[PDB]
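Below you'll find only one chain, the form deposited in one PDB entry, shown as structure tokens.
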């Protein structure tokens, strides 16, 4: 960067020189009228070139050389090291008329050189490198650079600031700035609700970290100390990317020059760093489980016992939660979603919370928490795929899936605020599915993903009414038509539901043909947007009843919504027709999954209620390890 500094005659100009710039210096304006030539001297640590027309020549500290005075003959002045108390850094120009060789006047330039750099970890290794040349930009991908900020998901103490990003103002210079200069850190009004910055204003008096930039504070004057100094700041993000906020914020430092009273200070030098606030990222079922969270009523004993036995087969821990006045019976699934954020220096799991009635809980200090209508707003209506490649385009973090209705239908849709939030995170590139054919309207009622043990591959599991009818028709042909469903549920007994009773119900057949069309519409979108073929899909038998809105609810428990812990699957117990004293639905599902090395455990969540009307009274959610792939290595499509 070249900067303009002009001489003024009979006199001296004093200026601060910031390393990394250079000065171009007009010597002609300060020449007395009628002067013809000029000569110059300079000190050891100032480099001076005479530039005539654009041709530059280095000039010695004390030569006698003279040049013609011309507007097109100027000086270029460079310094490679900061001034100290031992410095006298200067350039002096003498002017001559035609008459003789003794100077008729002289104009000086007295310089104080300082280093000023606002530094961040732009190369994304967790250390704050010195003046990264790319620190003022932010680029995606393996070769990308620029600093990363975490949203704070929770006078201050240093220990509390350990999660934040470091920003260091590094300076070098003499004991003090020359008269009339100050250094100021600042942000835009727009960015003021996106960030906050802390530091210790008075280190002589203690370690107290104070908030110096943020809401209502757009600038902070910083104290200059001489020699080589560093000021350590901590920076936090205040919010995630959203519809109107890209995720990018900037922080500036300027050296300002005092002009006079009632005149703004002049920005002599400005340095800028950019941060991107890390997005919230969802974890698919293929990622290693850490903890399993369940909620149910205290007396659903079978559910608790069987979930405990499932989890005991794994290395996961179980966390048991009961029911709360402000929350639905499924809240750990519906009102809570486990996700994470990551920066080069650190990362943590982050839970999104959307309580049914609003807040009045939480599990653990280890998580960050973000707290916020139709049933489509539930997190049961949100899923995320394993990493996929689609027509050459890779989604290394997978893609988020959200249930919706058809564009022209006038049906339900998840609220714009949530849809826009998910879209703005960018790295999971969400896809809308069709859930509005279901009374409750959640994608988790019809689909899930499971890893294939011993491989890096996965399966999509789809509810299928067609598979259920085929199975029941086979068992009827085999002489089992009188086999009864719901054995052991006393509140169902008087209905005497048998395979025969189901197969002879004409309207129910028609309803379920229609529901299969809805499932297949989803199947096609999933194959398209996830790059899946028929070999990647398994169909689990399912059956629904229709309401007055022509929407589906489960006839028997939906097996697709299962607890996935690697090879081990907690599968809702279906209570299907018994053949040879085994549920034909359980046997069929085992025959599909077990050959792939998946281990099935059926979990009874409904017996405690004595009947099943389509509603499930328990919920589960699994906290998983984050992806090994760093989100900042992705190259998302430009919006």
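Residue numbers count along the first chain shown, from 1. Note that the rigid core is defined as the largest set of C-alphas that superpose within 1.5 Å between two forms.
J.: Do any residues of the deposited sequence lie unmodelled between residue 393 and residue 394, and which range holds their number: none, 1 to 3, 4 to 9, or 10 or more?
T.: Unresolved stretch here: none.
J.: Select one of none, 1 to 3, 4 to 9, or 10 or more to describe the deposited residues without coordinates separating residue 520 and residue 521.
T.: Per the deposited record, the segment joining residue 520 and residue 521 has no missing residues.
J.: Which is higher on average in the deposited entry, the C-alpha temperature factors of 78 to 86 or of 531 to 539?
T.: Comparing 78 to 86 with 531 to 539, the higher average CA B-factor belongs to 78 to 86.
J.: Using only C-alpha atoms and the B-factors in the entry, which stretch averages higher, 169 to 177 or 441 to 449?
T.: 169 to 177 has the higher mean C-alpha B-factor.
J.: From 608, 598, 587, 56, pick the one with the largest CA B-factor in the entry?
T.: In this record, 56 carries the highest C-alpha B-factor of the candidates.
J.: Quick one: which of 339, 491, 206, 387 has the biggest Cα B-factor according to the entry?
T.: Among 339, 491, 206, 387, the PDB entry lists the largest C-alpha B-factor for 206.
J.: Please say which third, lowest, middle or highest, residue 602 falls into when its CA temperature factor is compared across its chain.
T.: Within its chain, residue 602 is a lowest-third residue by C-alpha B-factor, going by the deposited values.
J.: Comparing residue 245 with the other modelled residues of its chain, is its CA B-factor in the lowest, middle or highest third?
T.: Middle third - that is where residue 245 ends up once the chain's C-alpha B-factors are sorted.
J.: Once the chain's modelled residues are ordered by C-alpha B factor and cut into thirds, is residue 64 in the lowest, middle or highest one?
T.: Top third by C-alpha B-factor.
J.: For residue 50, return the chain-relative third of its C-alpha B-factor as stated in the PDB record: lowest, middle or highest.
T.: Tercile = middle for this residue's CA B-factor.
J.: Check where residue 515 lands among this chain's C-alpha B-factors and tell me if it's the lowest, middle or highest third.
T.: Lowest third of the chain for residue 515's C-alpha B-factor.
Missing here is the form deposited in another entry; even so, the following discussion is about that form.
J.: Considering only 508, 136, 530, 200, single out the residue whose C-alpha is displaced by at least 2 Å between this form and the one not shown after superposing the rigid core.
T.: With the rigid core fitted, the residue that moves is 200.
J.: So, superposing on the core, is the move of residue 289 at the CA at least 2 angstroms between this form and the one not shown?
T.: The answer is no; the displacement is under 2 Å.
J.: After fitting the rigid core, is the C-alpha of residue 430 off by 2 Å or more between this form and the one not shown?
T.: False for residue 430: its C-alpha shift is below 2 Å.
J.: Hey, does residue 355 budge by 2 Å or more at the Cα between this form and the one not shown once the core is superposed?
T.: For residue 355, whose C-alpha is compared between this form and the one not shown after core superposition, the shift is 2 Å or more.
J.: So the C-alpha spacing of residue 355 and residue 430 changes by 3 Å or more in that other deposited form; is that change toward closer or farther than shown?
T.: Compared with the shown chain, residue 355-residue 430 is closer in that other deposited form.
J.: Relative to what is shown, are the Cα atoms of residue 179 and residue 204 closer or farther apart in that other deposited form, where the gap shifts by 3 Å or more?
T.: Farther: residue 179 and residue 204 separate by 3 Å or more in that other deposited form.
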